[PDB]
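Enquirer: Chains as they are written, first to last, in the UniProt record's numbering: chain A, 1 to 426; chain B, 1 to 426; chain C, 1 to 37, 47 to 437.
Every residue, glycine too, gets a C-beta built ideally from N, C-alpha and C.
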Ligand SMILES: Nc1nc2c(ncn2[C@@H]2O[C@H](COP(=O)(O)CP(=O)(O)OP(=O)(O)O)[C@@H](O)[C@H]2O)c(=O)[nH]1
Ligand SMILES: Nc1nc2c(ncn2[C@@H]2O[C@H](COP(=O)(O)CP(=O)(O)OP(=O)(O)O)[C@@H](O)[C@H]2O)c(=O)[nH]1
Ligand SMILES: Nc1nc2c(ncn2[C@@H]2O[C@H](COP(=O)(O)OP(=O)(O)OP(=O)(O)O)[C@@H](O)[C@H]2O)c(=O)[nH]1
Ligand SMILES: [Mg+2]
Ligand SMILES: [Mg+2]
Ligand SMILES: [Mg+2]
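Right, dumping it as structure tokens:
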């Protein structure tokens with residue numbers, strides 16, 4: 001009962017999934033072949049939500065892997081828990097986007113999507129009652145953006161009554177991978193406004209910061225980042241997969257943290273984050289967990305959260321905790337930061353508690369916030385777009401796929417409007 | 001309940017802390033890892049005031065270590081009980097003052113302070129009810145003076161209702177380390193007048209004297225000095241950390257020994273001080289302890305105390321003592337020295353008794369006095385400043401950081417005024 | 001049927017109180033557990058079946074002195090509802106205890122008091138132990154005293170206060186503290202008894218032959234004295250002196266209600282064998298200038314009234330003789346308007362002695378609480394001390410910081426001055 005099939009796209013998204021899946025397997029106790037070796041009985045009662053029980057007791061991941069080139073799918077098979085995945089579910093093309101959303105969304109992706117649109121249906125049929133789809137991709141390039149975007153809107157025609165999650169990675173100003181980020185972002189966001197129910201905007205610039213100072217890691221890699229990001233995902237859907245004193249599923253969360261139709265972009269956060277040095281000396285108790293969580297530099301979105309107010313705020317705690325300890329801390333925080341919470345929505349807090357913790361750690365906190373400080377993330381992008389679009393630069397790649405210069409300004413306008421919605425209520 | 005976070009600064013202050021912390025650990029029974037090995041149960045009931053109880057029974061020091069260079073922090077880690085300190089709390093810059101208060105207070109220190117101003121807040125939050133901050137630094141150079149001074153005033157904005165201690169080391173005429181002592185002292189003292197509640201003025205010239213004659217040590221080092229100085233610190237806060245027949249905390253002491261707003265500079269003293277020879281033959285009884293304590297040459301401030309009168313006088317005794325023995329001695333002393341106590345504040349004495357002594361010694365006495373003989377310490381400094389400032393010598397280092405020649409005379413005037421306040425009531 | 005509520009304020013009150021409690025326990029044959037292996050009904054209430062809890066409330070602004078009781082031998086005698094604890098201390102200041110910190114704790118305690126007070130039926134009166142020189146013992150007490158006149162009023166109150174010494178005093182700002190806290194004492198407190206540490210010390214040295222006394226020796230001494238007040242209630246002698254009766258007797262005027270105590274005999278274990286303790290001798294001992302509890306001069310003073318309370322082996326036949334003898338003597342003298350000036354109490358029960366006690370086990374004992382013009386001179390020097398301190402605004406800024414207006418000082422000094430003349434007026 002209550003199943004969620006997972007979708008993946010892009011070079012980064014796929015990688016994230018690869019780690020995320022592994023982590024989830026570890027949490028339940030699934031091995032590379034698929035046979036169960038775990039001891040705790042409650043891992044097997046909600047195994048059905050993320051694993052179909054196949055023949056011979058070998059569980060399989062309910063997933064769809066998409067790409068416009070075959071390069072990334074090579075390393076996913078050879079790595080750990082690549083053998084658990086079903087051969088049928090891998091989808092891939094021979095062309096590739098080439099860091100262009102125009103090629104990705106119309107010409108290249110629309111030929112590949114019809115295979116996936118048939119594959120997902122089967123998955124849907126398989127489970128008793130599907131409650132929502134998780135989606136993992138990037139907005140920086142053309143492959144993860146153009147394809148995923150194309151897909152997500154066509155799901156709303158067949159399944160209008162289901163919740164829609166999207167785990168994205170938006171561009172940073174300092175750590176700029178590609179040149180045409182402003183373009184891709186500007187166009188890819190447009191469709192994610194009306195079609196999605198919730199979106200987690202992650203940024204690598206913040207991740208790096210988190211890594212250097214807090215974890216004290218001398219040589220970070222992308223692997224670390226993947227591990228981090230996956231943790232967040234694990235956190236949000238913990239209440240479905242395990243019992244608890246106060247359970248909070250996805251729909252509930254959505255209802256609580258999305259007050260208005262067009263303002264649903266969130267910012268993830270994770271705690272506790274401890275190095276080898278801070279593992280010994282940091283006293284892991286609820287208050288400690290709390291304070292760390294609300295720090296500006298501990299966020300995964302590279303902004304200044306204290307420029308504006310949080311519209312809503314929710315948290316998902318794990319491991320056994322006393323509720324007077326838990327529920328008081330939030331209140332205290334609110335009291336402290338009376339200038340950093342919206343006044344006309346009194347009592348902004350939402351809490352959730354799980355009995356089964358992460359293996360090794362005693363407690364954990366996943367922070368999902370909704371703020372007016374997302375303006376800083378978009379504003380810069382808008383500016384960049386303006387700078388680019390003024391001279392019609394890098395345009396012949398997009399215009400070659402049959403896109404008018406008006407069609408840029410149509411999405412641009414929408415983006416602007418969206419941005420304004422935050423500054424309406426700030 | 002009732003916690004005190006410790007701050008450190010400068011090359012000397014840090015060193016002092018390093019020893020002080022060790023001594024305090026020894027007193028309670030904390031080991032290099034942090035796990036408790038002690039036997040006496042009363043060490044664990046007031047452990048909370050100087051040690052946060054972290055995970056796994058490993059206690060950690062509530063401290064902040066500050067410096068403008070990374071050199072001094074190397075030897076603190078490698079020494080004894082360097083492993084007890086938390087990695088998070090160490091703060092350090094890459095620039096350095098260069099024995100200049102102008103560079104230290106405005107340009108160099110103000111960039112570093114914003115890290116500490118965030119770190120202290122966390123510490124404050126952690127404890128239930130903080131009662132005051134201890135601070136350890138020097139006024140001779142620019143690093144310990146400029147930074148600490150900068151810090152201490154900004155604490156009064158956030159925490160106006162808390163007691164403020166400062167353990168300084170003022171310059172001597174004979175043992176002159178740097179050339180620009182008069183300058184630094186003149187400017188650093190100005191801010192310590194209005195911002196502090198109490199200050200202990202220590203001088204190395206007296207320490208040396210104490211060492212050569214009393215302790216009969218053939219080869220003194222700075223280590224010995226550190227050990228000595230730390231003892232005083234241990235003495236003042238003994239009543240908080242252990243039970244007693246007549247307890248006296250910091251606030252009480254402050255109330256008793258600071259009659260007027262601007263006259264709060266004290267002079268520390270310690271007893272009994274015994275060599276290997278005098279350990280056997282000196283009869284350690286209360287009267288003996290008393291007489292030694294009031295000697296002019298036994299003080300830590302290099303002055304002549306008998307030039308003027310003590311405005312107030314307090315003492316903190318340790319170990320079990322009969323009160324008729326204790327309270328009589330002081331009275332007797334007063335009777336004897338009727339020309340060396342102020343007449344219009346009759347009954348100048350304050351006493352405090354602790355049941356838990358220092359390990360090894362049977363009894364101990366910490367002498368905190370307030371006198372008009374602090375004029376001799378400042379007068380010389382003033383003279384030196386005058387000598388220097390007449391020809392505008394060593395000025396281009398200070399003027400380079402944007403300080404007018406009027407700004408020297410503004411502080412100078414204040415200093416003069418302060419000096420006069422002693423000669424008003426002498 | 002009869003009952004009385006004890007209150008303990010500040011560190012001093014706590015410290016004193018423990019000893020008293022111990023003494024009480026010893027008296028009625030109760031171990032620290034609270035189960036006895047009637048007379049004790051006044052101070053102890055029997056909970057369920059064999060659990061004797063005391064009529065007590067310990068107030069303190071620190072945790073140190075109260076947690077001393079919670080960890081020791083008498084952990085079983087009390088529970089955390091009875092033992093109230095603050096956070097920030099009084100810090101040897103009247104202003105901190107009364108205005109700033111005093112609002113929060115008093116509220117908690119009043120309810121507790123009510124809970125304790127309404128449980129018992131026969132309320133005789135209150136007892137409040139503190140020190141004038143102490144921070145909590147001055148600032149809180151004044152507040153507390155003020156509060157207690159609202160709920161009760163006519164129901165009696167007593168307080169055994171540690172008066173400051175001119176020579177041997179262990180704090181600098183004590184003068185101020187005394188002057189302020191006496192403003193509330195005159196209006197609210199029905200009769201306050203006064204003891205000085207210096208006086209005690211001399212006694213300890215000379216008679217007990219212990220040249221190294223500490224607070225534990227003084228506390229014990231005090232406890233005996235305290236017992237000697239309440240001994241009439243708990244035991245049935247041939248003649249009895251209740252608290253109300255005592256009040257009626259000793260206190261003549263509205264302004265004057267400051268008698269001083271004395272206790273005798275107090276002697277060593279070896280000295281008891283030689284010294285034949287007679288009644289007359291013990292009577293004399295109470296009137297000697299050496300054995301007084303306050304630094305005073307009985308030679309200058311005149312006794313308006315004084316209440317003798319005997320316990321042990323005593324009968325009225327020689328008591329009368331003793332009384333007569335004192336009257337006959339002219340070294341002791343009275344005021345013209347009071348021809349008959351004694352109130353005499355008797356008790357069969359002998360005064361107990363503590364395990365490892367400094368005092369010797371004796372048959373007889375006496376306690377005289379004398380109202381006199383001797384203690385009138387004691388504040389003349391206090392005022393002088395205070396005045397000098399005030400004259401140059403010494404230590405004032407701290408007080409000001411805690412919300413004390415400057416006119417308060419003016420109010421308290423003038424009043425004190427006025428009071429000093431009252432004694433003179435009475436004694437003319
Ligand atoms: N957290 C992680 N972020 C990554 C990783 N690899 C890339 N990135 C970030 O994602 C951005 C690039 O995303 P993609 O390579 O997936 C662009 P896309 O695949 O959609 O198009 P093509 O590259 O044309 O196939 C870039 O700004 C990086 O900072 C990774 O392994 N982990
Ligand atoms: N008691 C001690 N006194 C010391 C010690 N080291 C130096 N000193 C005294 O302190 C004075 C120098 O103080 P500092 O070196 O801390 C000057 P500061 O660090 O604030 O500036 P920089 O040297 O430019 O970093 C000098 O007059 C010495 O007599 C020590 O280990 N113990
Ligand atoms: N006789 C006697 N006197 C005491 C004792 N303890 C304290 N004192 C006296 O009381 C005065 C100090 O008052 P405290 O009770 O310590 O002060 P406080 O009211 O508790 O205020 P804080 O100390 O700030 O909590 C001194 O002058 C002492 O001489 C005791 O056990 N016996
Ligand atoms: Mg790709
Ligand atoms: Mg230095
Ligand atoms: Mg106290």
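(1) Measuring from each Cβ to the nearest heavy atom of ligand 4, keep the ones under 5 angstroms and list them in chain order.
(2) Evaluate residue 1 of chain C with the Cβ neighbour count: other Cβ atoms within 10 Å of its Cβ, from every protein chain shown; 16 or more gives buried, anything less gives exposed.
(3) From what residue to what residue does the beta strand (DSSP E) around residue 2 of chain C run?
(4) Per DSSP, which one or two residues make a beta bridge with residue 313 of chain A?
(5) Is there a C-beta anywhere in chain C that falls below 7 angstroms from the one on residue 255 of chain B?
(6) List the residues of chain A that residue 412 of chain B touches, going by C-beta distances under 8 angstroms, in chain order.
(7) Going straight from the alpha carbon of residue 273 of chain C to that of residue 376 of chain C, what length do you get?
(8) Residue 205 of chain C bridges to which residues according to DSSP?
(9) Residues of chain A with CB closer than 7 angstroms to the CB of residue 160 of chain B, please, in chain order.
(10) Identify each residue in the segment 311-326 of chain B for which the Cβ-Cβ distance to at least one residue of chain C is less than 7 angstroms, and report them in chain order.
(11) Is there a C-beta anywhere in chain A that falls below 7 angstroms from the one on residue 86 of chain B?
(12) Once the 5 residues before and after residue 341 of chain C are set aside, which same chain residues still bring their CB inside 6 angstroms of it?
(13) Just to check, is the beta-carbon of residue 134 of chain A closer than 6 angstroms to a non-hydrogen atom of ligand 1?
(14) Any C-beta of chain C within less than 7 angstroms: which residues of the segment 11-36 of chain B qualify?
(15) For residue 129 of chain B, return the contacting residues in chain C, with the cut-off set at a CB-CB distance below 7 angstroms.
(16) Identify every residue that forms a DSSP beta bridge with residue 168 of chain B.
(17) Check each candidate in B:36, B:77, B:369 and name the one with the smallest Cα separation from residue 429 of chain B.
(18) Go ahead and label residue 198 of chain A buried or exposed: buried means 16 or more other beta carbons lie within 10 angstroms of its beta carbon, across all protein chains shown.
(19) Using a Cβ-Cβ cutoff of 8 angstroms, what residues of the segment 45-68 of chain B are near chain A? List them in chain order.
(20) Checking 7 angstroms against the spacing of the C-beta atoms, do residue 20 of chain A and residue 168 of chain A come in under that value?
(21) Determine, for residue 352 of chain A, whether the minimum Cβ-Cβ distance to residues of chain B falls below 7 angstroms.
(22) Using only the alpha-carbon positions, how far apart do residue 198 of chain C and residue 61 of chain B sit?
(23) Buried or exposed: residue 158 of chain B, going by 16 or more other Cβ atoms within 10 Å of its Cβ?
(24) Could you give the residue range of the beta strand (DSSP E) that holds residue 61 of chain A?
(25) Three-state secondary structure (DSSP) at residue 217 of chain B?
(26) Taking only beta-carbon atoms, is residue 283 of chain A less than 7 angstroms away from chain B?
(27) From the DSSP output, in three-state form, read off residue 428 of chain A for me.
(28) Counting only Cβ pairs nearer than 8 angstroms, list the residues of chain B close to residue 291 of chain A.
(29) Using CA atoms only, rank isn't needed, just tell me which of B:360, B:13, B:133 is closest to residue 3 of chain B.
(30) For residue 8 of chain B, is the beta carbon positioned less than 6 angstroms from some heavy atom of ligand 2?
(31) Run through chain B and tell me which residues come within less than 7 angstroms of residue 277 of chain A, C-beta to C-beta.
(32) When DSSP labels each residue in this structure, what does residue 43 of chain C get in the three-state scheme?
(33) Counting only the same chain and skipping the five closest in sequence on each side, list residues whose C-beta sits under 7 angstroms from that of residue 253 of chain C.
(34) Does ligand 6 have even one heavy atom less than 6 angstroms from the beta-carbon of residue 11 of chain C?
(35) Helix, strand or coil for residue 62 of chain C, going by three-state DSSP, please let me know.
(36) Does the distance from the C-beta atom of residue 135 of chain A to that of residue 16 of chain A stay below 7 angstroms?
Expert: Taking the coordinates as given:
(1) A:11, A:143
(2) In the third chain, the residue the question calls residue 1 of chain C occupies position 1. By the 10 Å Cβ count, residue 1 of chain C comes out exposed.
(3) Your numbering for residue 2 of chain C matches position 2 in the third chain. Residues 2-9.
(4) One-based indexing of the first chain puts residue 313 of chain A at position 313. DSSP lists A:349, A:369 as partners of residue 313 of chain A.
(5) The residue labelled residue 255 of chain B in the question sits at position 255 within the second chain. Judged by the 7 angstroms Cβ criterion, residue 255 of chain B is in contact with chain C.
(6) Taking the second chain and counting its residues from 1, the one referred to as residue 412 of chain B is at position 412. The premise fails here: residue 412 of chain B is roughly 42 angstroms from chain A at the closest Cβ pair, so nothing lies under 8 angstroms.
(7) Taking the third chain and counting its residues from 1, one reaches residue 273 of chain C at position 264. Taking the third chain and counting its residues from 1, one reaches residue 376 of chain C at position 367. Each residue's alpha carbon lies about 7 angstroms from the other.
(8) As a working note, residue 205 of chain C is residue 196 in the third chain. Answer is C:172.
(9) On the second chain, residue 160 of chain B is found 160 positions in, with the first residue counted as 1. By Cβ distance, chain A contributes nothing, its closest Cβ being about 18 angstroms from residue 160 of chain B, past 7 angstroms.
(10) So the list reads 312, 322, 323, 324, 325, given in the order they occur along the chain.
(11) The residue given as residue 86 of chain B occupies position 86 in the second chain. It does: the Cβ of residue 86 of chain B has a partner Cβ on chain A nearer than 7 angstroms.
(12) As a working note, residue 341 of chain C is residue 332 in the third chain. These residues qualify, in order along the chain: 296, 335.
(13) Your numbering for residue 134 of chain A matches position 134 in the first chain. No, the Cβ of residue 134 of chain A stays beyond 6 angstroms of every heavy atom of ligand 1.
(14) none
(15) As a position in the second chain, residue 129 of chain B is number 129, starting the count at 1. Under the 7 angstroms cutoff, chain C gives 96.
(16) In the second chain, the residue the question calls residue 168 of chain B occupies position 168. Note: residue 168 of chain B sits in a beta bridge opposite B:201.
(17) A question about residue 429 of chain B goes unanswered here, because the residues of chain B that appear run from 1 up to 426.
(18) As a first step, residue 198 of chain A is located in the first chain; it is residue number 198 there, counting from the start. So residue 198 of chain A counts as buried.
(19) Taking 8 angstroms as the Cβ-Cβ cut-off against chain A, the residues of the segment 45-68 of chain B that qualify are 52, 53, 54, 55, 56, 58, 60.
(20) Translated into positions along the first chain, residue 20 of chain A becomes position 20. Translated into positions along the first chain, residue 168 of chain A becomes position 168. Going by C-beta atoms, residue 20 of chain A is not nearer than 7 angstroms to residue 168 of chain A.
(21) Here residue 352 of chain A is taken as the residue at index 352 of the first chain, counted from 1. Taking 7 angstroms as the threshold, the shortest C-beta distance from residue 352 of chain A to chain B does not fall below it.
(22) For the purposes of this step, residue 198 of chain C is identified with residue 189 of the third chain, where counting begins at 1. For the purposes of this step, residue 61 of chain B is identified with residue 61 of the second chain, where counting begins at 1. Cα-Cα distance, rounded: 49 angstroms.
(23) Reading the second chain from its first residue, position 158 is the one you call residue 158 of chain B. Exposed.
(24) Numbered from 1 along the first chain, position 61 holds the residue referred to as residue 61 of chain A. From DSSP, the beta strand (DSSP E) with residue 61 of chain A extends over 59-61.
(25) To locate residue 217 of chain B, count along the second chain from 1; it is residue 217. In this structure, residue 217 of chain B counts as coil in the three-state DSSP scheme.
(26) Counting from 1 along the first chain, the entry for residue 283 of chain A is found at position 283. Closer than 7 angstroms to some Cβ of chain B, the Cβ of residue 283 of chain A qualifies, so yes.
(27) As shown, chain A starts at 1 and ends at 426. That puts residue 428 of chain A outside it, with no answer to give.
(28) Translated into positions along the first chain, residue 291 of chain A becomes position 291. The answer, in chain order, is 122, 125.
(29) Reading the second chain from its first residue, position 3 is the one you call residue 3 of chain B. Nearest option by C-alpha distance: B:133.
(30) Indexing the second chain from 1 puts residue 8 of chain B at position 8. Checking every heavy atom of ligand 2 against the Cβ of residue 8 of chain B, none is found closer than 6 angstroms.
(31) For this step, residue 277 of chain A is matched to residue 277 along the first chain. Under the 7 angstroms cutoff, chain B gives 87.
(32) No coordinates exist for residue 43 of chain C in the structure shown, because the numbering of chain C passes directly from 37 to 47.
(33) Your numbering for residue 253 of chain C matches position 244 in the third chain. Once the five neighbours on either side are set aside, the close Cβ partners of residue 253 of chain C are 165.
(34) Reading the third chain from its first residue, position 11 is the one you call residue 11 of chain C. Correct: residue 11 of chain C has its Cβ closer than 6 angstroms to ligand 6.
(35) Translated into the one-based positions of the third chain, residue 62 of chain C becomes position 53. DSSP places residue 62 of chain C in strand when its eight states are reduced to three.
(36) As a first step, residue 135 of chain A must be located in the first chain, where it is residue number 135. As a first step, residue 16 of chain A must be located in the first chain, where it is residue number 16. No.
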